[PDB]
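Below sits a lone chain in structure tokens, taken as the form deposited in one PDB entry.
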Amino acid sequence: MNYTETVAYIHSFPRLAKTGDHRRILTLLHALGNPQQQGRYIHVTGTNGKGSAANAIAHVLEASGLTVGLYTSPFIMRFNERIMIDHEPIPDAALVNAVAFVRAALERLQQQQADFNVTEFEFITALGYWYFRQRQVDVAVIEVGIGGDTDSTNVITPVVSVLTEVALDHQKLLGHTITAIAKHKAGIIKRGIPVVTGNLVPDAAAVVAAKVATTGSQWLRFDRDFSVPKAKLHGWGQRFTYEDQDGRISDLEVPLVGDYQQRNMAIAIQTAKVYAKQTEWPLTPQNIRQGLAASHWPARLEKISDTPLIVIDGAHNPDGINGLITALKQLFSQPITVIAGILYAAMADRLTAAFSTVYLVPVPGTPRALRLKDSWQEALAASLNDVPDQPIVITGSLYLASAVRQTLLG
């Protein structure tokens, strides 16, 4: 197979579910020489912030001299972006070989257990683990798919476990209450392994407290064991100070906007410091400083153009966009054009009652359900036609942001 067939092949996998066990992937991993049992890992989960934290954790560790594997989702530009080593997406040719290797293994198994099969995420998660072992990375930062406990990736013993925050966003798969949802995410906490969390709301904090008392794990929470005393905007990013038991690392700079990102970075820093100590590996404030100065989070309030000035964002929910109206408020004093692809009229009121011109377009790769334009392109062309010097901000969905980026940069 060529790249195309290979990727098409991965997405062909059947829709299976309900499996409190990991027997399926474990069966597969076994045939792959159990790579998940070798090497080092950092397990990251959270409702909002997991992707950001993990990306910041990797950069810091890379800047210190380690070869770091990264498994995240979703992909912005290409699929290869799901598996990166030192922030380099897996080469197409390398993906063709891995897929083929995991396929022969799969096929051998179906010759013994005729009806044996796996899901898409399980196949991808298995390939990533194998790949990371093949390339022999020092550590792999693993991002949980959803929840934790029964997640396809939760089949490792990490060096550290990260839990950014618990929210009712995935309330349809995890549970109906904070408590229920927290029980899942706590599932990635292992005996004796330290856990780093943000400042969880009371219901979730009780779940972790009780969980750790059981695994005897050291628990470092944001605003208790470490924090961000000072923080503010500095150009298209923020300048802030990190503080924990060891002290202060003042005036750090990240090219990230959004005051909530402060907690994600603090979590990344603290987490990285826990990994260094646990593996007696040296990590300096210089390593951290340079690692963050490079923590670019593509498609997340990213200025992809200067002239004309264009910005792409993945904001989604009401609260998800509520940190935006306030984020755009701080960065801009002049009139701007917002192009939103929301899915509903509930958010539309927050954007319309916030900026002068605001266009509502459809989100690509989504059916049309029952200020308007037929596509972001039409909305983009009209704006640049009427008021050329007016900055344009595109937001509403991670897929829309992803589509514009692939077009304007790709």
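Numbers follow the displayed sequence, beginning with 1.
In terms of unmodelled positions of the deposited sequence, the stretch from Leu343 to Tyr344 in this entry skips 4 to 9 residues. Taking the mean C-alpha B-factor of each stretch as recorded, 330-338 and 211-219 are not equal, and the higher mean is that of 330-338. Look at the C-alpha B-factors of 351-359 and of 38-46. On average they run higher in 351-359. When the C-alpha B-factors of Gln111, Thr119, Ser227, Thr284 are ranked from the entry, the top spot goes to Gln111. Ranking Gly128, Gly148, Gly320, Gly192 by the C-alpha B-factor listed in the PDB entry places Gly320 at the top. Residue-level temperature factors show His87 in the lowest third of its chain, judged at the C-alpha atom. Sort the modelled residues of the chain by CA B factor and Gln134 lands in the lowest third.
In the deposited entry, the Cα temperature factor of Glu107 sits in the middle third of values across the chain's modelled residues. Per the PDB record, residue ranking by Cα B-factor puts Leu380 in the middle third of the chain. Looking at the C-alpha B-factors along this chain, the one for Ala401 belongs to the middle third.
Here the subject shifts to the form deposited with a small molecule bound, a form of this protein not shown in this document.
In the deposited complex, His316 approaches the small molecule with a heavy atom inside 4.5 Å. When contacts are judged by a 4.5 Å heavy atom cut-off, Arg300 counts as touching the small molecule in the deposited complex.
The small molecule in the deposited complex comes within 4.5 Å of no heavy atom belonging to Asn34. Contact between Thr271 and the small molecule in the deposited complex is not found at the 4.5 Å heavy atom cutoff. Partner proximity in the deposited complex, defined as non-hydrogen atoms within 4.5 angstroms of the small molecule, places exactly one of 354-362, 41-49, 371-379, 61-69 at the interface: 41-49. The single contact residue among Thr150, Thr157, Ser73, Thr215, judged by any heavy atom lying within 4.5 Å of the small molecule in the deposited complex, is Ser73. With the partner omitted here, the residue from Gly320, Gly237, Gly175, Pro89 that has a non-hydrogen atom within 4.5 angstroms of the small molecule in the deposited complex is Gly320.
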